[PDB]
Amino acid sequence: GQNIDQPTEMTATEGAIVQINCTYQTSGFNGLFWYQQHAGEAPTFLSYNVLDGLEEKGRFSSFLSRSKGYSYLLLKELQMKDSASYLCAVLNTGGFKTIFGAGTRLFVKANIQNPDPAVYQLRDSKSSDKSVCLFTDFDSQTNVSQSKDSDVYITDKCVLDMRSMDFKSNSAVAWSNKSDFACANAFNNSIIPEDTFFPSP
């Protein structure tokens, strides 16, 4: 019954407000905690609540309802750097132990200013080409799905924040053993916009 966090996931856009809900059932509640855990670093303390209810603490709010066994962590003016796991935890017994929930993975989606989705073919630096496709510059709404084919590997959404030109971009990588597999057929299993640029020569 113990500790229930949103799990495994939550997704939101960088400008947004996210509410990470948690419910707990324990014998002797000595307070509730939230920790931030970036993959795959150590968790860091975020908040401790013992009394009802809401507490501001900067850009991150933390609510407690003792009667309901409920907590939420509210994240406002969301940033790319908030993409991490958020752990709900309770202190029980007589201090001595902090018990954790399963954790909520929060993926922050980048608000793309000027998007031009395209699938580009990248040749290998050494020799044989081995073929990689890059689906980049697409908007947050776009969801990259895994391939229908076993022999083709797809690495879901990645945001490249080029600090220099105040730019951040979405991407997904697709590669497959010399079959041949093509860039036009790489992202077939995914929901890609009608205006996607397709170059090959």
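Numbering starts at 1 and runs along the sequence shown.
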| query | finding |
| --- | --- |
| 108-116 versus 73-81 - which carries the larger mean C-alpha B factor in the record | 108-116 |
| Mean Cα B-factor comparison, 176-184 or 21-29, giving the higher one as deposited | 176-184 |
| Residue with maximal Cα B-factor (values as given in the PDB entry) among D52, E41, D137, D151 | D151 |
| Criterion, highest CA B-factor; candidates, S62, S65, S169, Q37 | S169 |
| Within-chain third of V132 by Cα B-factor, per the entry | middle |
| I191, C-alpha B-factor rank within chain (lowest, middle or highest third) | highest |
| Chain thirds of CA B-factor: placement of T98 | lowest |
